[PDB]
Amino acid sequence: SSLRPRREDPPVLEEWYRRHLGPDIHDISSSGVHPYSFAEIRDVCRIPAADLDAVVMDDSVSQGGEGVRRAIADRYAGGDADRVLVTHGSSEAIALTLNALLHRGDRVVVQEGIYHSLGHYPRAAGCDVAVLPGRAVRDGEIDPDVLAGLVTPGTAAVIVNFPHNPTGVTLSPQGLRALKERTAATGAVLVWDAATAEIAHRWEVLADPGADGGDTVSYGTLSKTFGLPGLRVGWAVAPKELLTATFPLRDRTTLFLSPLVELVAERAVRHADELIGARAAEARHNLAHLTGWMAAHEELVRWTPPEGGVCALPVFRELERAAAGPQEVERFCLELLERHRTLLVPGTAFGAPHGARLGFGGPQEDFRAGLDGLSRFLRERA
C-alpha cells in the first residue's frame, strides 16, 4: 500500500490539550472565560425555541449571513457590514485572510510569542520575518525606538495580538494610535488579533482599528470573552477587496457557516455586554485573588500582572535559577497535573521556557482548588 501520511509537528498548545485535557482536573490554563450552557444563551440572548425552529437548514453565503455580519459590523466595523467576514472561529478568519494577504519575500513584523497560527502563516508564505521583541511593549506602548527600526517603508504587514495570549500585555489608546500612525506612514498592513479585546484591566477597551475603514485586518471571536468557544464563530474586519479574495480558498475548505449557528451568533453579539460583563466580573474576582496569591509566593514565582484578557504567564524562579532547558517546564506541568490534578499550559507553547499560562477566567470555585494544587506543588519542590 502506498498510504504515506505527510507528517508535520502539531503546535505545542493544541497537542498539550489533546494529551492532557480530561475529567476530574482543576483547569486553570485557559485563555478564555468559562463556557455558557445553551440554556443560558437562550435566556440572555432572547432566543425562543420557535426562532430556532423557523430556521431552514439551507446554504448560507460566502461572506457570512447578513444578520450576523451586521451585528458584528455595528460593534467592531463602525457599522460597515461589507468589511466583515464571518468564520468558523477566528482560526478560520486568520487562515483565510493571511493566505490572501501575505506574499513570498514580503518584510513582515511579528510579535514575539504570538499565537501559533499567526506566526505560522508568514513563515509558510515565505515572508521575510522580523520579530517585535516582547520587552519593547511596556506601559501601553511599543517602544517608539523599536517601532522605528522594525517598521519602515516597504514593511508589508505588522502582526500583533493585544491583549496578548498568554502574558496579558496590551496597549493604551495612545499606544494603539502611535502603532497605527507608524503603519499608515509606511503603508504596512496592521493585522490586529483582538480575541480578548473586550476585557481590559489597565486602560480602556481598545476601539477596533477595523472601524477606521483603512487597510488594517483585525480578528475577533466569540471564543474567549463571550463564553462561547463551542459555538465556533469568529470574524475578520478588513477591506472588502481582501475579504472577497478569500472566497476561492473558502470554496474548497468550508464553503459557508450554518444559518442556525449564525442566528445564535447574531443574538450573542447583540447581547455582548451582558455575556461578557458577567464573565469579566468573575475573572476580576479571580484576578484579585490571584494577585494576593502571587504576593504570598514571591520567593518561588514572578509575573507581570495581565493588562487585559483572562490569563497571565507566571515565571517559576526555580526554572530561571537552574536555567532552562525548555523541556523542564513541560515536566513541571506534567508533574503538577499528575500529583495535584491541576492543569497549566507549559511556556514552550508560547516561546517562554520558564513560564506557564495560568488562566483566571474559569469558575471561581474551581480556581481556588487549582491554586491550592499549585501552592502545594511549589512547596514540595522548594
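One-based numbering along the sequence shown.
Student: Mean Cα B factor from the PDB record: higher for 72-80, or higher for 165-173?
Tutor: Mean B over CA atoms: larger for 72-80.
Student: Please work out which of 113-121 and 177-185 has the higher mean CA B-factor as recorded in the PDB entry.
Tutor: Mean CA B-factor is higher for 177-185.
Student: Would you mind finding, among 251, 208, 262, 282, the residue with the largest C-alpha temperature factor in the entry?
Tutor: By C-alpha B-factor in the record, 208 ranks first.
Student: Per the PDB entry, which option out of 337, 41, 56, 313 has the greatest Cα B factor?
Tutor: Answer, based on the entry's C-alpha B-factors: 337.
Student: By its CA B factor, does residue 226 count among the lowest, middle or highest third of the modelled residues in the chain?
Tutor: Lowest third, going by the recorded CA B-factors of the chain.
Student: When the deposited Cα B-factors of this chain's modelled residues are ordered and cut into thirds, is residue 306 in the lowest, the middle or the highest one?
Tutor: Its C-alpha B-factor, which the entry lists for residue 306, ranks in the middle third among residues of this chain.
Student: Within this chain, which third does the Cα B-factor at residue 369 fall in: lowest, middle or highest?
Tutor: Within its chain, residue 369 is a highest-third residue by C-alpha B-factor, going by the deposited values.
Student: Split into thirds by Cα B-factor across the chain's modelled residues, where does residue 359 land: lowest, middle or highest?
Tutor: Within its chain, residue 359 is a lowest-third residue by C-alpha B-factor, going by the deposited values.
Student: Could you place residue 273 in the lowest, middle or highest third of its chain by Cα temperature factor, using the values in the record?
Tutor: Its C-alpha B-factor, which the entry lists for residue 273, ranks in the middle third among residues of this chain.
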